[PDB]
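Each chain, written out:
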Amino acid sequence: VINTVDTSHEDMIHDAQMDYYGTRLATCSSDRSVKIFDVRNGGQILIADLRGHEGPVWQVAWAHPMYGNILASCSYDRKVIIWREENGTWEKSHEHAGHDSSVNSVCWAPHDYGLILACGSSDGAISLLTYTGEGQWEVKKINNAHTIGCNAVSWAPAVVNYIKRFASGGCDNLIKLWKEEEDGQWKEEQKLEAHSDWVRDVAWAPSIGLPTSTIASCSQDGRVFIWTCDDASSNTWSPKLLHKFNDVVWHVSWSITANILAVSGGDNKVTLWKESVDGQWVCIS
Amino acid sequence: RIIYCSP
Amino acid sequence: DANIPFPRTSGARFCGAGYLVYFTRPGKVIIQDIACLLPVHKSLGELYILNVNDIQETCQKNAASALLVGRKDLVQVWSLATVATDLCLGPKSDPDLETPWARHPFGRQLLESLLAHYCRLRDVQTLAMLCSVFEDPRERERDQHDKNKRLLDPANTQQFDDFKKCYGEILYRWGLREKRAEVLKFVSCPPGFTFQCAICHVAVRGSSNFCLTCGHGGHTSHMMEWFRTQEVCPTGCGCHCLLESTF
Amino acid sequence: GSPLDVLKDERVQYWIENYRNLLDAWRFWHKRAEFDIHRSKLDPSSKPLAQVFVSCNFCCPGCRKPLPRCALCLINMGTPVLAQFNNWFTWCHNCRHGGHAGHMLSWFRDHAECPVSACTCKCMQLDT
Ligand SMILES: [Zn+2]
Ligand SMILES: [Zn+2]
Ligand SMILES: [Zn+2]
Ligand SMILES: [Zn+2]
Ligand SMILES: [Zn+2]
Ligand SMILES: [Zn+2]
Ligand SMILES: [Zn+2]
């Protein structure tokens, strides 16, 4: 079916993400407001409001229910605000401003590691806010992480202790892949550079047991690249094009089982890809 | 019998 | 703001298990169903009985469900699993006696072929269910025989466990937890004083409750019966346990 | 309304114990409880005590660790959310594997094994 909720906003809408069970709907916007809508059997009703962040909002990401009801917001203002809620009301919990340029993206970490939140701001740095407990957080920093600033961040599925790995890429079209040593340092590993000018979004496919790591990409020049690799521990990342549209591509998304990719860019449209038996990506709708 | 009969 | 890729007005995204969201500029958030697109289905998920004792009953019960749903390759594969898991094919410890059913071509090789095809089709559901169901001197021979004894290769246990973890995560997504326990039941790797009752005084050894404040506990059904109608400590303590035990 | 000079005598306290023990034999357990409510409201000198205690294995005021979570909806110990017995957060005294009071009552209606994998204890049926 088709479900539609009226935004009742006054300015633009930048992102919209639902909840883990499919029983909530969050909306970021440039009105300096967030309006949480309870979607259930086709009905739009309010639950909360975000009347103030000191600026427009860019991207929100829900956290795992294992740890409760936690919502994050990275936006224009240079602040990242969490919304831990208690006793049926949504309340501002904790904020920090560890940047001197607008926060670009936030992406919640896999639940096995803990409750970690990567923050790729526009000032060439990445901050990983770990939950120390008892209402305290730790803020790490890696300065000079980019020459133009990371546009967006992504987390790698967890494998078998543990080895934390995540991917990010800036406006210098030099997408890299990080790592963490035993000490605690975020050492760099590699740097893919088969991109034209910039890379807006980066998304990493979910893992379902297949020995193959797949990373998507979308450049500011029309290109949706699928950087598959199946060389176990040989580290061979071979780009393969999928298309080249008529305008800038904005966001790349994945399925649960990594069979469908949906890319929506500057053309004010959304097209759905796939992966055919031969090895070519075709549209469906 | 299963392999070759009545799909 | 030099780094300004500002005018973002469109976006598509997958959410939930069976859902999709997208919005556009002319602007209400329209979602859509994609349940028939992914190889997994919630409807078939709710019905898939599993059991460790009576394997055959599970296979024949799951057989009817796919026909009740519409899928076909399963109403074949489940039948093959039923005929390829009977206790008549029980292995024998001695290596002399008979060739194991694993080394028969319709044994292990069939399992590998089905696993490969459904890996290509990218359907973690059937993988999880099939794997769960199928789960100097002369001394250095019985070890190799036990290695060849099994219908699943001992050299790829990790991938099977990964399949069984992934299906559990998707089941949690859907909203079923009992099934998440049944599936995870098969995974190999692991996940003072005062001991009397208070309503019948017989020693407790199993499942129990108590207040944090009162410190009076007992059998769980006992507390169901007691607190069905009252609000006081059973042992004359005065606690309103509905205001203490719970948060 | 007798005073604390003949209610503390050995003779009178023997009759009380035998009546309480007699009631437990007839399986009239709820009637015994109502009698102890009356006794509690009239003789505070025979009050019961606590039988429950939280002893953190690490030190948790010292170790800053939380208690375990349930085996079905996985939410941690204490987070909020008649039918108020449902979130009572029961426990097991043999297998050290607990959960939300109502979550396993729904799970135990069709099975007889501990929810936690790699554990072979039938929690409810062990009492009988
Ligand atoms: Zn009892
Ligand atoms: Zn009490
Ligand atoms: Zn109480
Ligand atoms: Zn402690
Ligand atoms: Zn147990
Ligand atoms: Zn629970
Ligand atoms: Zn037990």
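Up top you'll find the structure we're talking about.
Conventions adopted
- Residues numbered from 1 in each chain as written, not as in the entry; some residues may be left out.
- Chains lettered and ligands numbered in written order.
- Part of a larger assembly, values for the part shown.
- Heavy atoms only, no water.
- Residues with missing side-chain atoms left out of burial classes, pairs and counts.
- Helix = DSSP H or I, 4+ residues; strand = E, 2+ residues; numbered from the N terminus.
- Polar contact = N/O pair within 3.5 Å; in protein donor to acceptor, adjacent residues only side chain to side chain.
- Contact = heavy atoms within 4.5 Å.
- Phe/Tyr/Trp six-rings, centres within 6.5 Å; stacked < 30°, edge-to-face > 60°.
- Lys NZ or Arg CZ within 6 Å of the ring centre and 35° of its normal.
- Axes fitted to C-alpha atoms, helices over the stretch in contact; angles between N-to-C directions.
- Parallel < 35°, antiparallel > 145°, perpendicular 65-115°, else oblique.
- Nonpolar A, V, L, I, M, F, W, Y, C, P; charged D, E, K, R; others polar.
- Disulfide = S-S within 2.5 Å.
- Pairing = 2+ DSSP bridges.

### So, the side chain of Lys176 of chain A
Residue and element names in this part refer to chain A.
Step number 1: Looking at where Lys176 falls in the secondary structure, it is placed in strand β18 (residues 176-178).
Step number 2: Within the structure, the side chain of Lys176 is placed 2.2 Å from the backbone oxygen of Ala145, a separation counted as a polar contact.
Step number 3: If we skip the residues at most four places from it in the chain, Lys176 touches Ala145, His146, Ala167, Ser168, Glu188, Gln190 and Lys191.

### Details of the arrangement of the chains
Step number 1: Where 4 pairs of chains are in contact, the pair with the most contacts is made of chains C and D.
Step number 2: Taking C-alpha atoms only, the smallest gap left between chain A and chain B, which are not in contact, amounts to 25 Å.
Step number 3: No part of chain B reaches chain D; the closest C-alpha pair between them is 33 Å apart.

### So, the packing of aromatic side chains
Step number 1: With a centroid separation of 6.3 Å and an interplanar angle of 45°, the aromatic rings of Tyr113 of chain A and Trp155 of chain A are classed as tilted. One end of the pair, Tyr113 of chain A, is in the loop between β12 (103-108) and β13 (116-121); the other, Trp155 of chain A, is in strand β16 (residues 150-155), with 42 residues separating them in the sequence.
Step number 2: Aromatic rings pair up to connect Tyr113, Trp155, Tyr162, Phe166 and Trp186 of chain A into one cluster.
Step number 3: The ring of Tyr20 of chain A has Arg173 of chain C sitting right over it, with the charged end atom 4.6 Å from the ring centre.
Step number 4: One cation-aromatic arrangement involves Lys31 of chain D over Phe28 of chain D; the distance from NZ or CZ to the ring centre is 5.5 Å.

### Quick notes on the packing of helix α3 (residues 73-83) of chain C against helix α5 (residues 124-134) of chain C
Residue and element names in this part refer to chain C.
Step number 1: Interaxial distance between α3 and α5 falls to 11 Å at its minimum, and their mutual angle equals 10°. Classified by the angle their axes make, α3 and α5 are roughly parallel. In this structure, α3 uses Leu74, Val77, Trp78 and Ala81 to contact α5, whose residues at the interface are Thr126, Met129, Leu130, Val133 and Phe134.
Step number 2: Of the residues in the contact of α3 with α5, the class split is 8 nonpolar, 1 polar and no charged.

### Section: the state of the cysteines
Linking two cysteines covalently through their sulfur atoms gives a disulfide.
Residue and element names in this part refer to chain D.
Step number 1: Here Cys95 pairs with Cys121 through a disulfide, and the sulfurs are 2.3 Å apart. Between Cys95 and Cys121 the disulfide shows an S-S torsion of about 85°. By sign, it is right-handed. Here the residue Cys95 occupies a position in the loop between β1 (91-92) and α3 (101-107), and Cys121 occupies one in the segment after α3, the gap between them amounting to 26 residues.

### Quick notes on the pairing of strand β21 (residues 215-219) of chain A
All names here are of chain A.
Step number 1: As paired strands, strand β20 (residues 199-204) and β21 are joined by 5 bridges and run antiparallel to one another. Along β21, the bridge assignment pairs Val202 with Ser217.
Step number 2: Here 3 bridges tie β21 to strand β22 (residues 224-226), and the two strands are oriented antiparallel to one another. Paired with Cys218 across the strands is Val224, a residue of β22.

### Overview of the sheet that holds strand β23 (residues 249-253) of chain A
Residue and element names in this part refer to chain A.
Step number 1: Pairing is antiparallel in the open sheet, where 3 strands are placed in the order β23-β24-β25. Taken across any chain shown, the strands that pair with only one partner, and hence form the sheet edges, are β23 and β25 (270-272). Adjacent strand axes in the sheet meet at a mean angle of 20° when their direction is disregarded.
Step number 2: Alignment of strand β24 (residues 262-265) against β25, held across 3 bridges, turns out to be antiparallel. Looking across to β25, one finds that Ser264 is bridged to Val270.

### A word on the interface of chain D and chain C
Step number 1: Residue-level contacts link 41 residues of chain D with 38 residues of chain C.
Step number 2: Where the side of chain D that touches chain C is concerned, the elements lending two or more residues are α1 (10-25), α2 (29-40), β1 and α3 of chain D.
Step number 3: The biggest single contributor to the side of chain D that touches chain C is α2 of chain D, with 7 residues.
Step number 4: Taken together, the residues of the side of chain D that touches chain C break down into 25 nonpolar, 11 polar and 5 charged.
Step number 5: Bridging between strand β4 (residues 207-210) of chain C and β1 of chain D involves 2 bridges; their strand directions are antiparallel. Note on β1 of chain D: the bridge partner recorded for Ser207 of chain C is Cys92 of chain D.

Distances and angles like these do not, on their own, reveal function.
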